[PDB]
Every structure is written in C-alpha cells, then in structure tokens.
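Descriptive structure summary
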Protein chains: 2
Amino acid sequence: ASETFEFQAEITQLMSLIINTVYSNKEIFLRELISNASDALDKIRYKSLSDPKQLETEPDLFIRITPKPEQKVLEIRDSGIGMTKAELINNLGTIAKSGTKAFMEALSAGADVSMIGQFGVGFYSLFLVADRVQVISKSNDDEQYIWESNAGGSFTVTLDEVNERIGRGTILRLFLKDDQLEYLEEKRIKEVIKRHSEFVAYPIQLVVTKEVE
Amino acid sequence: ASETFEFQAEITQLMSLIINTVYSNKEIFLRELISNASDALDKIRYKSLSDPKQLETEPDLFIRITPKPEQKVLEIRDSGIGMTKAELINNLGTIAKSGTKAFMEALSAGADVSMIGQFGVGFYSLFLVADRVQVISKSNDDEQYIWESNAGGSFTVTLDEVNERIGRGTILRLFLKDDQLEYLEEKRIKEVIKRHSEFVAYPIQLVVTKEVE
Ligand SMILES: COC1=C2C[C@@H](C)C[C@H](OC)[C@H](O)[C@H](C)/C=C(\C)[C@@H](OC(N)=O)[C@@H](OC)/C=C\C=C(/C)C(=O)NC(=C(c3ccccc3)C1=O)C2=O
Ligand SMILES: COC1=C2C[C@@H](C)C[C@H](OC)[C@H](O)[C@H](C)/C=C(\C)[C@@H](OC(N)=O)[C@@H](OC)/C=C\C=C(/C)C(=O)NC(=C(c3ccccc3)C1=O)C2=O
Ligand code: NI
Ligand code: NI
Ligand code: NI
Ligand code: NI
Ligand code: NI
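Residues numbered from 1 in each chain as written, not as in the entry; some residues may be left out. Chains lettered and ligands numbered in written order. Heavy atoms only, no water. Residues with missing side-chain atoms left out of burial classes, pairs and counts.

Structure determination for this PDB entry is given in the record as X-ray crystallography, at a resolution of 2.20 Å.

What follows is the structure, given as structure tokens:
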C-alpha cells in the first residue's frame, strides 16, 4: 500500500547541490536533526497545555540516537508531535519551501552550509552523510507511515507495517554513506552533540550495544 | 488477524505451579532463555552447513538483551532458526510436552526449580519473573508472528504487523512483575550471565541507553 510522489523541482536541485557540491562541516546534519526533534517536542508539549490527553500516547519527552553499525544506519528518534501522511507529503517535498531557492543562492555566493537551518530547510542536510533516508512517523491524528527517499526526483510514502510501533513521534533512519561511518561511533556522536547541541530542553539518549564478557 | 488456542492442561498446571509455588533462585530464567537462544542458533548454523543460503536473511549469529525500563520489559533476542506459525502453536502450548508432568512431580518431591531445563520445559521459567510474554519470531519458512500469553488457559498467535522486522530468529519480550525489576539493571544482567551462562558459543550483547550530558 505504497505511493510515489515527485519532489518540487527546487527541492530536487537543493538535494543535488547538498550531495554533490558540499565538502565540509558535515557534522551539522546532527545539530539540524536534533533541532527538528526539539521543535517537534516543543509542539506536542505546547499542544498539551490545552489538550493534556495528547501526551497519553507517549508521556515521556526525549530524543534518542541509535547507531546500527552492522546496518550502517543511524536513527534519530523523538517523541514529538509526529507527522500525518498528508504532512509527510506536503512538507517533505511536494510543495515549494520558502527558503529553498534563497538558501541555494546564499550557498552559491559562499554561505557556509551550516546556515541551512536558518533558511528553514535544515532537514535536507541529512544528505551530507546519508544516501537514503526513511522518516517513520506517528502523529496522534494518523496511522504510522514511512517516507523514503534516495535523493532522486521522487519519494515514497507507505503505511507502516514493518517497523516497531512508536507511540508518538518520528524516527529519522539514515543509511549512511561508506565515507561517513564515523557517525556510528559513540565518542564521535557525543562530541558533536556536546559541541553543537548544547542548549536542548529534552534529554538526549544514546543507545549503545556492548558485548558481555 | 488474531487466533486464540487453549493450553494443554498439564502446561496450564505447570505455569500455575511456577508463578504460584516457586520462591527462589528466579535468576535461572535468564540461563534458560540464553540456552534456548543458543539452541536456536546451533540449529540454523547446522542447517546452513548443507544449505548456506539459510544464513542470508541474517548473516550475524548473536544473542542480544535489551532492558526497556520505562516499559518494564526485558527482551532477549537471537538470530537463530526462528519458529513458524504452526511451530509456535504446536511447541508452545497445544501439544503434551514430555517433561511437563515429570518435572511437576520432581518439583513436588523437592527438586530445585533450576532442574526445569533438564526436563525440556525451561521455556516456562520465564513466568518466575514475568506475568506476560510475547514470543516474536521469524523463521525463514514463514512470516513474522507474535505468540502471547499471560499464563491463563490460552495464548494467542497473530501475524506480526506491529514490531520491527527481524531478519530471522526470535524476540522473547518479557513484561516483568513489579517485584522483579532488578532484571532491568545492567549490572544485575551481567552478573547473572557471567555466573550462570559462562560457556556460550555466540556473542551476547547488552543494549544500554545512556543520557548524553
Ligand atoms: C515552522 O515549522 C518548521 C518547518 C515547516 C514544517 C515541516 C514543520 C512540520 O509540519 C508538519 C512539523 O511542525 C514538525 C514539528 C517537523 C519537524 C521539525 C521535523 O521532524 C521531526 N523530528 O518531527 C522535520 O523532519 C522530519 C520535518 C521537516 C523539516 C524541514 C523541512 C525543515 O528543515 N525546517 C523546518 C523547521 C525548522 C527550522 C529550524 C530548526 C528546526 C526546524 C520548522 O520549524 C520546517 O520545514
Ligand atoms: C529439542 O528441542 C527443544 C524443545 C522442543 C522444541 C520447542 C524446539 C523448537 O521447535 C520448533 C525449536 O527447535 C527452537 C530451536 C526453539 C527454542 C529452543 C526456543 O526459543 C528460541 N530462542 O528460538 C523456545 O523458546 C521460544 C521454544 C520452546 C522451548 C521449550 C518449550 C523448552 O523449554 N525446551 C526445549 C529445548 C531445550 C532444552 C534445554 C535447553 C534449551 C532448549 C529443546 O532443545 C524444547 O521444548
Ligand atoms: Ni569526516
Ligand atoms: Ni565541530
Ligand atoms: Ni494488512
Ligand atoms: Ni530478587
Ligand atoms: Ni547466582
């Protein structure tokens, strides 16, 4: 039960410009995804001030980062507001984003890639380190869906019958490039968070697998 | 798409006798589940000697233990052979087990609960620490299914559309009793494994969540 959608043309250009013209300061992808997780968490918390029951699907407010080294995947999960199917479709690629063209012109003129979050398109920085991404999301107002893109001209949206149930929120599942596997490392992850994601109102958890011996 | 099955009557008696008459040496449940995981791993590995492609669904052979403290759940996962739907139904409760009545008589006479694995029913030791269990399993020869029981007279078997895809093998998902939450602790888990599960041919991984600060 799987639909395909074409990306708005500037978004496709944006993604190409990120994958192919940007060389450094890649670690900023993690600040941007932590900022997005934090924005989603702010929104469910604010929503719950006048509708406490919204929190019941998942009472704990957190960000959690799960390196999956054998799969070469990094997951960034939040228990924020989540996105409905129509929200994944409208906001993750089909509709013109304010910022998209403006950001690409600032980049052309010499702007540091890190300014991407200030243009409201910092989601697409994930393509600095990942050649495939799934956004698995569960809004209180919809079923769990999977949005997926390999940075081509199109993305798919699919009713989620394959992943763990999230009570509420989003998993960013990044299929890292072979040159960017340092973001599977516990120490590298902690460093980038401590240096660049210093003021976050929510706990940030790191899931570590160790061998018992 | 969810079927209910009655437990064979001695199995129901066994489970009651475990929950209600046994007081100590509870930690043996972990040795038994590690032994079962190890038996499942031996079987896929042996199967693959003459059918290498069996391993392709999940090339890594491991046991992994994931404490889920906010859910009061402990999961024990293996990438062994897994069980088909008909295997969950036949082997986990509907058919008479050799050992069941014999074990219950040995227990009555004073046998230590730890002898349960020697009677071939050591699976049911999980009821020392858990009041609910899901066995989520994926055999190469079937779809993923969920078997579930709260130790009543019946269990359910359900096509799995809610949990993460396992490539191949089994997750024991234990809903721990409130008095047995020590088995959520990293140090307690390591101790019981080091003391009682010393000779295991497969890596045993422990998944730990820490806050980054
Ligand atoms: C306004 O809002 C925004 C946006 C638009 C939209 C998309 C939003 C959305 O809707 C549905 C929502 O609200 C959400 C909450 C989302 C978010 C942030 C997220 O996530 C999560 N984790 O959940 C995301 O990711 C997936 C999506 C998108 C993003 C983007 C595109 C960007 O980059 N930015 C932004 C953003 C940002 C910027 C900066 C920082 C952060 C974020 C924002 O805020 C926006 O857009
Ligand atoms: C013969 O075989 C057995 C049994 C019977 C059956 C059930 C088996 C089965 O079938 C399907 C299979 O083969 C598998 C491999 C399984 C197993 C072990 C497992 O797991 C896993 N992890 O996977 C289990 O759990 C879920 C199941 C069951 C168990 C039981 C009941 C017991 O206790 N024991 C045994 C057992 C044991 C004993 C001792 C130690 C370990 C195990 C065994 O071995 C048996 O039975
Ligand atoms: Ni690098
Ligand atoms: Ni830095
Ligand atoms: Ni279906
Ligand atoms: Ni105790
Ligand atoms: Ni002991």
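Next comes the rest of the write-up.
Brief notes about the relation of the copies chain B and chain A
For the match of chain B to chain A, the screw axis carries a shift of 0.0 Å, the RMSD comes to 0.0 Å, and the turn is 180 degrees. Such values leave the two copies arranged in the relation of a two-fold axis. With an isologous cut-off of 70% or more, the 100% of interface residues of chain B that recur at the interface of chain A puts this contact in the isologous class. (Least-squares fit on C-alpha atoms. Contact = heavy atoms within 4.5 Å.)

Observations concerning the coordination of the nickel ion (ligand 7)
Residue and element names in this part refer to chain B. In the first shell of the nickel ion (ligand 7), the protein supplies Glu27 (OE) and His196 (NE2), at 2.2 Å from the metal. Residue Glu27 is located in the loop between α1 (9-21) and α2 (28-48), and its partner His196 is located in helix α5 (residues 186-196); the two are separated by 169 residues in the primary sequence. In this structure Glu27 comes out as buried when scored by relative accessible area, which is 15%. Residue classification places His196 among the partly exposed positions, given a relative accessible area of 41%. (Donors = N, O, S within 2.8 Å, 3.2 Å for Na, K, Ca; no water. Helix = DSSP H or I, 4+ residues; strand = E, 2+ residues; numbered from the N terminus. Buried < 20%, exposed > 50% of the residue type's maximum accessible area, 1.4 Å probe, protein only.)

A closer look at the site of ligand 2
Residue and element names in this part refer to chain B. As a matter of local geometry, ligand 2 sits amid 20 residues, with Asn36, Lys43, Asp78, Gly122 and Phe123 nearest to it. Backbone polar atom of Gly120 to a nitrogen atom of ligand 2: 3.1 Å apart, as the coordinates give it. Taken by itself ligand 2 offers 800 Å² of open surface, and the protein chains cover 80% of this. Residue assignment for the shell around ligand 2 shows that the elements contributing at least two residues are α2, α3 (85-94) and β7 (169-176). The element that contributes the greatest number of residues to the shell around ligand 2 is α2, accounting for six residues. For the shell around ligand 2, the per-class residue count stands at eight nonpolar, seven polar and five charged. (Near = heavy atom within 4 Å. Polar contact = N/O pair within 3.5 Å; in protein donor to acceptor, adjacent residues only side chain to side chain. Areas by Shrake-Rupley, 256 points an atom, 1.4 Å probe, with all protein chains shown as cover. Nonpolar A, V, L, I, M, F, W, Y, C, P; charged D, E, K, R; others polar.)

Details of the site of ligand 1
Residue and element names in this part refer to chain A. In the vicinity of ligand 1 there are 20 residues, among which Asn36, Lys43, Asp78, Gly122 and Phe123 approach most closely. In the environment of ligand 1, an oxygen atom lies 3.4 Å from a nitrogen or oxygen atom belonging to the side chain of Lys97. Taking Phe123, its main chain carries an N or O atom lying 2.7 Å from an oxygen atom of ligand 1. For ligand 1, whose free accessible area comes to 800 Å², the fraction covered by protein is 79%. Elements supplying a minimum of two residues to the shell around ligand 1: α2 (28-48), α3 (85-94) and β7 (169-176). A class-by-class count of the residues in the shell around ligand 1 yields eight nonpolar, seven polar and five charged.

Some remarks on the packing of α1 of chain B against helix α4 (residues 100-108) of chain B
Residue and element names in this part refer to chain B. Close contact between α1 and α4 brings their axes to 9 Å; oriented N to C, the two are set at 30 degrees. Classified by the angle their axes make, α1 and α4 are roughly parallel. Handedness of the α1/α4 crossing: left-handed. Residues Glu10, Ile11, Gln13, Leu14 and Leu17 of α1 form the contact with α4, whose participating residues are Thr100, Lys101, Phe103, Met104 and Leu107. (Axes fitted to C-alpha atoms, helices over the stretch in contact; angles between N-to-C directions. Parallel < 35°, antiparallel > 145°, perpendicular 65-115°, else oblique. Left-handed = near helix turned anticlockwise from the far one by under 90°.)

Digging into the environment of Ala1 of chain A
Residue and element names in this part refer to chain A. Among the structural elements, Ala1 can be located in the segment before β1 (2-6). Residue classification places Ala1 among the exposed residues on the basis of a relative accessible area of 92%. Taking the C-alpha atoms as reference, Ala1 lies 15 Å from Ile136; in sequence the two are 135 residues apart. Not counting the four nearest positions on each side in its chain, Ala1 is found in contact with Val157, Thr158 and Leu159.

Some words on the packing of α2 of chain B against α5 of chain B
All names here are of chain B. As a packed pair, α2 and α5 sit with axes 10 Å apart at the nearest point and diverge in direction by 65 degrees. Comparing their axes, α5 and α2 come out roughly perpendicular. Seen along the crossing, α2 lies across α5 with a hand that is right-handed. Contacts from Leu30, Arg31 and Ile34 of α2 reach α5 at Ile189, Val192, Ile193 and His196. Taken together, the residues of the contact of α2 with α5 sort by class into five nonpolar, one polar and one charged.

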